[PDB]
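Chain order of the listed sequences is X and X'. A prime marks a further copy of an entry chain.
Okay, so the first sequence: first residue is 3 according to the authors' numbering, each after it adds one.
Okay, so the second sequence: first residue is 3 according to the authors' numbering, each after it adds one.
Here is the structure we will look at.
2 protein chains.
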Amino acid sequence: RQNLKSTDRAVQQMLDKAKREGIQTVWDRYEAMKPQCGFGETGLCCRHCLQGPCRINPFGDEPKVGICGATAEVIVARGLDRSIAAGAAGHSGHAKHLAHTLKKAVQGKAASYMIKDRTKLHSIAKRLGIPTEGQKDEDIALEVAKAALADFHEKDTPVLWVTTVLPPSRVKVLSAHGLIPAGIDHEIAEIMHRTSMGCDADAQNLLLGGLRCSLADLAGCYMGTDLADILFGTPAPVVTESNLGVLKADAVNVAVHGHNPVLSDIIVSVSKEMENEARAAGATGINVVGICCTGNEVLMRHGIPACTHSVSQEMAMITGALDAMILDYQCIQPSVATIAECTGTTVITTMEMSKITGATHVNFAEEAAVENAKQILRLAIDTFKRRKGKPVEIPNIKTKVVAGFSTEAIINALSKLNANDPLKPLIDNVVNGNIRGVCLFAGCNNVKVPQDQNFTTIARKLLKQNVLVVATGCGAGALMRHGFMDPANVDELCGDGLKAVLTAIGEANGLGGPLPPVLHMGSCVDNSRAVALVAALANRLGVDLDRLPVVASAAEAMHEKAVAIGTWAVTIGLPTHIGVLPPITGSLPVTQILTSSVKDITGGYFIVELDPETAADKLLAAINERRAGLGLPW
Amino acid sequence: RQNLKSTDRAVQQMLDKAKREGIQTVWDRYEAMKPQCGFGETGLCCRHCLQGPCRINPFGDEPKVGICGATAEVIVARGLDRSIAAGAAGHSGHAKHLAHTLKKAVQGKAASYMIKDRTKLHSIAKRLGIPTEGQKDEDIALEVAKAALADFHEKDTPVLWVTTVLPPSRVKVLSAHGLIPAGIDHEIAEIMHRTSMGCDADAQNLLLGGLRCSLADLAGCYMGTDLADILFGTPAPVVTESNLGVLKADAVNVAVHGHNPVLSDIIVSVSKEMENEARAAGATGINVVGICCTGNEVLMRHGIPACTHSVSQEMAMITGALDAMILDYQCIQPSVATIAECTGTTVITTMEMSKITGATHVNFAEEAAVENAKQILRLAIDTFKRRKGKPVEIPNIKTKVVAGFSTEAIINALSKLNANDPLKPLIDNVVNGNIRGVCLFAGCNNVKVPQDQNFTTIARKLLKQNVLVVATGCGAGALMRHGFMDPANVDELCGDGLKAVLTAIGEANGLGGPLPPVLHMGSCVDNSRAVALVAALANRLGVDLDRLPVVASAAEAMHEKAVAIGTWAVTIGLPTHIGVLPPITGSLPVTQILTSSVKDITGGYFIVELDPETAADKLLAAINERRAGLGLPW
Ligand code: SF4
Ligand code: SF4
Ligand code: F3S
Ligand code: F3S
Ligand code: FES
Ligand code: FES
Ligand code: NI
Ligand code: NI
């Protein structure tokens with residue numbers, strides 16, 4: 003019964019092939035882990051010193067307290083804080099790498115990289131207060147890169163990738179609670195300090211630190227988007243495909259997998275120059291396909307088709323047609339290195355701090371990006387040759403995907419209805435009820451949840467209630483693989499008011515049809531694009547984000563990064579659903595802070611709800627409560 | 003049978019009082035935790051994403067691998083790396099606070115602080131390459147503080163508090179393996195990134211990252227010592243007392259507890275100015291006593307007596323005479339806040355990122371240090387008044403302690419035997435066998451080990467074999483409370499060769515007697531002083547640290563900080579004993595790297611040995627192997 007594992011029928015087909023071939027999958031490794039530890043599930047375990055491990059019984063008798071005296075409240079809050087810091091360390095490490103890449107590019111140390119989006123560069127400079135008039139673009143870019151790197155440590159200003167991206171009234175609320183980060187890596191380190199043994203031991207104090215570190219994560223996300231747009235271009239609407247059927251038996255199939263596209267954007271361009279070298283090997287060409295966020299990056303900017311996402315990533319290899327999987331970091335199941343020996347795929351790591359035993363490593367350096375890409379693609383061509391004559395099983399399943407909805411692209415699309423006040427048509431339709439509110443789907447799949455089931459169940463209910471739905475990361479991946487990015491499905495999926503708006507915008511953009519049911523705003527760092535859009539709406543209305551009918555749903559969350567994103571969504575003022583249990587239920591006081599009393603600090607709050615129908619109802623209630631607070635019908 | 007809990011007879015007495023009064027202690031909370039989780043004990047548990055908790059059976063059947071495919075090797079190495087980063091975050095956060103304090107002092111923003119050790123300031127400037135000739139001391143200090151803060155982030159130089167404190171040949175070895183940190187908080191964040199889900203998954207690669215982060219911890223330790231010496235004075239030999247008998251029923255007893263003495267050095271000076279205000283309340287005066295590292299700081303600089311350490315910290319409160327416990331951060335059992343309600347003690351937190359529910363918080367700001375100290379001490383005086391007429395039970399147990407052996411003080415003491423080559427007398431006596439080698443005892447007590455039993459058992463065996471023993475932190479605390487810092491015990495404890503050397507040095511310093519059996523080199527950050535001494539010996543000999551007959555023992559380790567210290571001791575080239583099991587035994591490959599194949603990278607290695615007699619034999623074998631490598635008899 004593969005339907006209990008994944009709602010994706012291409013994934014189901016490959017699960018059947020993996021089973022008859024004896025290849026263990028993530029779902030098999032989950033089954034072998036059951037029953038999982040209830041102390042860990044509830045957050046009532048601590049290993050922060052060598053007197054541990056400590057645990058607390060959720061209910062009953064002793065143990066009731068950690069060996070040092072740490073209560074359930076403290077243990078739960080410390081664990082959560084460390085998860086937030088780990089997420090911030092990933093998103094911001096990605097951003098730091100892009101900042102170094104931009105600096106190298108404009109210093110003449112990496113000519114494969116350049117300022118591709120001069121407009122974005124100048125707008126970021128203006129937002130940061132960096133002078134542009136009279137200055138060479140390379141010098142403006144050097145100053146932007148230096149400002150990015152400066153936000154990682156303490157200085158005479160707070161983190162500008164927080165304070166310059168949210169409205170002043172929001173910054174004021176956060177400043178009053180001490181929540182503005184002083185420096186990105188500074189906050190990460192302070193979390194690790196305060197959560198170490200014999201330090202912070204007050205749940206509220208710990209959680210305030212967590213909120214501040216989540217804003218350091220937001221800064222890293224926004225910095226990542228900004229720098230990637232400068233270097234690689236701001237996305238605009240594009241049409242492509244998704245799911246395993248985008249693989250081609252006749253081609254060299256190369257997946258780019260990870261989050262930082264610094265090399266894989268180069269993989270894309272170099273691959274086109276090697277079509278003839280691939281043809282000499284008997285292929286039709288090189289077919290680059292995306293997995294996870296780096297796949298989203300190249301989908302958004304170049305229309306590279308998305309193969310699969312998150313929990314089902316191993317299934318691309320099970321087809322037998324994946325000649326190479328080119329990795330950088332984050333969200334890569336290390337099982338890919340052993341599965342590759344069964345499937346023939348060449349798995350290649352490229353970043354010094356992210357290696358996998360058994361996978362080939364090819365150092366990637368920006369300074370040698372083209373040469374390193376050719377080395378990598380030649381391993382892929384050799385692999386294609388080795389499968390001459392072997393049957394492959396690529397499920398003939400794919401969907402049409404319209405994507406590329408950066409915030410700039412959304413504003414441009416709206417400007418076709420109102421050129422000099424582009425946000426007003428959107429606001430007008432919120433006011434008149436054609437758009438009930440906005441929901442951002444974000445985050446991962448999680449093996450505990452039948453793959454995509456929460457995203458699609460919740461999205462269907464919200465769309466029928468006229469909610470404008472936007473999506474990023476593997477939430478966008480789930481929705482795209484089930485047809486939610488195909489405008490042909492607007493009639494089936496969308497309420498009449500939402501359909502009218504999507505159609506009015508689409509027709510004004512010359513499409514002869516609507517925008518798609520869900521707007522793909524990009525990778526997980528590109529959750530920052532949704533922040534930009536919401537902050538622009540807030541500023542246009544003269545209100546703060548916690549008055550807007552905007553919610554978020556990390557419906558199948560997995561990674562520490564998703565915990566960090568959900569926490570900053572709460573911190574900036576949003577009702578934020580999470581569809582898997584974070585390790586908090588072992589402390590009622592912590593749960594009550596995160597789901598209730600944080601409303602009094604930031605106006606946002608977590609909605610923890612594992613039943614997707616119920617979660618949809620709770621998200622709609624949150625949207626409608628915001629409508630009522632604005633005096634609007636609902 | 004309290005002897006199974008602590009070998010300290012004052013602690014035993016208070017354990018009897020706690021038992022009859024029904025006050026739960028750390029030992030009771032340990033007993034209530036048994037049996038502890040074997041997955042956590044062995045390191046075979048991962049909670050790095052919301053698909054967990056994952057575990058691996060040490061032996062038997064499934065589960066054999068994490069849900070994402072993470073092997074035992076990966077899980078163990080990731081957990082260890084996070085512990086190292088957490089330790090680095092503590093030591094370096096302490097250092098960062100001191101750097102900000104020095105900057106404020108010389109900018110005229112905090113006149114309670116000043117350059118007290120101008121000689122240290124100029125020597126640090128010279129070591130860092132900061133110009134002094136022609137410059138005002140305040141400007142040199144501003145440049146030192148700015149250099150300290152710069153080492154937290156990437157810049158055009160590596161972390162100078164690594165590269166300028168180790169000999170060039172050691173820096174070259176470490177650079178060749180990629181182990182020199184780029185920035186302190188940079189490395190902490192990169193650890194949290196690389197150990198997050200779907201990132202680094204190669205044990206060797208992970209552990210190399212851990213070694214590099216441990217050097218970021220060393221940098222924070224050395225920076226902490228350097229800045230504390232500038233601000234508060236470099237220690238020189240001092241005589242005081244230790245153990246609970248240093249409390250006085252007739253006085254206001256105030257413990258300073260934590261690690262950062264930035265306020266407690268101020269507590270010491272302000273307390274003397276309030277003797278009359280205390281006398282008006284019916285006390286004889288204010289009796290400041292030390293717990294843990296901040297107690298070590300004021301013991302080393304001012305001869306403040308040490309009350310207790312680490313695992314037994316609650317027992318100071320059980321006497322009934324502890325009127326206040328003034329806290330900043332790290333190693334404070336949060337149980338003190340609840341015990342205080344039973345004992346009458348006022349527990350006071352002072353740092354924004356380290357609060358304890360139920361404890362009074364008094365913001366400490368350097369800018370208002372004196373006024374904030376008086377507010378704190380007045381709460382203590384009020385508490386003393388409330389116990390007018392209540393009997394107290396202070397065990398009449400204390401030892402004499404000679405301490406204050408900074409590296410400068412050790413060199414000065416040796417210079418009385420050889421004025422212009424002060425290290426030569428020490429080397430001469432290593433060569434002739436009067437000193438077999440050097441052992442640094444470091445780190446915490448741990449409730450799993452009868453308190454002090456490993457430190458004293460190992461130290462006794464090494465001293466009888468003519469090993470020069472130095473100590474820091476709660477290792478120094480254990481040894482001082484058992485008489486190892488009293489020169490009257492040299493005859494009983496020391497081999498004939500070591501006694502001859504300690505006597506020759508002492509007589510040349512005019513003491514009419516020897517140096518004490520063990521040299522107290524200070525707090526845990528002051529493990530950096532031992533590095534300075536060993537590096538000076540290495541440079542004097544023209545060899546690297548991994549050829550010297552010098553070892554370390556974290557004989558009863560507890561905190562993540564102790565894991566970080568042990569790891570940098572290995573990274574700089576030392577055989578390093580740990581007397582409690584770190585969570586590594588679930589992976590034989592990781593254990594073999596840490597205890598064997600790391601020798602081929604850094605020349606150091608861990609010695610994991612829970613039996614103290616066996617550990618002493620293994621440490622002596624390590625020392626003697628180094629002697630043999632130098633061509634010396636042993
Ligand atoms: S920090 Fe406290 S609760 Fe955590 S493992 Fe150590 S003794 Fe146990
Ligand atoms: S990172 Fe891997 S091993 Fe760890 S909890 Fe997540 S699925 Fe399990
Ligand atoms: S790339 Fe990763 S953080 Fe989640 S959104 Fe996808 S599994
Ligand atoms: S102050 Fe703390 S780090 Fe260990 S050495 Fe003492 S318990
Ligand atoms: S007791 Fe299972 S997660 Fe620690
Ligand atoms: S299963 Fe006990 S430490 Fe996780
Ligand atoms: Ni993601
Ligand atoms: Ni310590």
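Beta carbons are placed, not taken as given, at the ideal position from N, Cα and C, and that holds for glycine.
The closest heavy atom of ligand 2 lies 6 Å or more from the beta carbon of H102/X. The three-state secondary structure of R22/X', taken from DSSP, is helix.
With respect to the C-alpha of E64/X, the residue from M225/X', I383/X', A147/X', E33/X' having the closest C-alpha is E33/X'. Nearest to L632/X' by alpha-carbon distance, out of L583/X', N447/X', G435/X', is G435/X'. Listed along the chain, the chain X' residues whose CB falls inside 7 Å of the CB of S356/X are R196, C201, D202. In this structure, the beta-carbon distance from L583/X to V552/X does not fall below 7 Å. Taking the Cβ of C526/X' as the reference point, at least one heavy atom of ligand 8 falls within a distance shorter than 6 Å. At a Cβ-Cβ threshold of 7 Å, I350/X' and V258/X' do not count as neighbours. In the displayed model, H363/X falls within a strand according to three-state DSSP. Going by DSSP, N255/X is part of no alpha helix (DSSP H) but of the beta strand (DSSP E) stretching over 254-259. Looking from the CA of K66/X, the closest CA among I293/X, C51/X, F41/X belongs to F41/X. In this structure, DSSP gives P577/X an extended state, which the three-state scheme calls strand. Contact annotation: the segment 290-302 of chain X' touches the segment 245-258 of chain X', with at least three C-beta pairs closer than 8 Å. Here the alpha carbon of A20/X sits roughly 23 Å from the alpha carbon of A203/X'. Here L521/X has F407, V472 as same chain residues with Cβ atoms under 6 Å from its own Cβ, once five neighbours each way along the sequence are excluded. Straight-line spacing of the CA atoms in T103/X and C309/X works out to 27 Å. Minimum Cα-Cα distance from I413/X' among the listed residues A537/X', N278/X', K128/X' corresponds to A537/X'. Sequence-distant partners of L517/X' (beyond 5 residues in either direction) whose C-beta falls short of 6 Å from its own C-beta, in its chain, are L504, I507, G508.
Going by beta carbons, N245/X' and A12/X' fall inside the 7 Å limit. Residues of the segment 357-387 of chain X whose Cβ lies closer than 7 Å to any Cβ of chain X', in chain order: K357, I358, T359. Taking C-beta atoms under 8 Å as the contact rule, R483/X' and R549/X' fail to qualify, at a distance of about 34 Å. Residue nearest to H304/X' within the set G235/X', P336/X', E275/X', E369/X' is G235/X' (criterion: CA-CA distance).
Secondary structure within the segment 444-510 of chain X: the beta strand (DSSP E) runs of 3 or more consecutive residues, fully enclosed, are 470-474 (chain order). If you ignore the 5 residues before and after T340/X, its C-beta comes within less than 8 Å of the C-beta of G360, all in its own chain and listed in chain order. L632/X' sits in coil when the DSSP states are folded into three classes, being neither helix nor strand.
Between ligand 7 and the CB of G475/X, the shortest heavy atom gap is smaller than 6 Å.
Under the Cβ criterion of 7 Å, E145/X is not counted among the residues facing chain X'. Assignment of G292/X' by DSSP, reduced to helix, strand and coil, places it in the strand class. Under the DSSP assignment, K402/X' falls in the beta strand (DSSP E) whose first and last residues are 401-405.
The straight-line gap separating the alpha-carbon atoms of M355/X and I603/X' is approximately 18 Å. The three-state secondary structure of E611/X, taken from DSSP, is coil. Remark: C-beta atoms of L464/X' and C441/X' approach each other more closely than 7 Å. Residue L634/X holds the alpha-carbon nearest to the alpha-carbon of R438/X among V173/X, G284/X, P397/X, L634/X.
The alpha carbon of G24/X' has as its nearest neighbour, out of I320/X', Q137/X', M560/X', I580/X', the alpha carbon of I320/X'. For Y224/X, the closest Cβ of chain X' is not nearer than 7 Å.
For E277/X', not one C-beta of chain X is nearer than 7 Å to its own C-beta.
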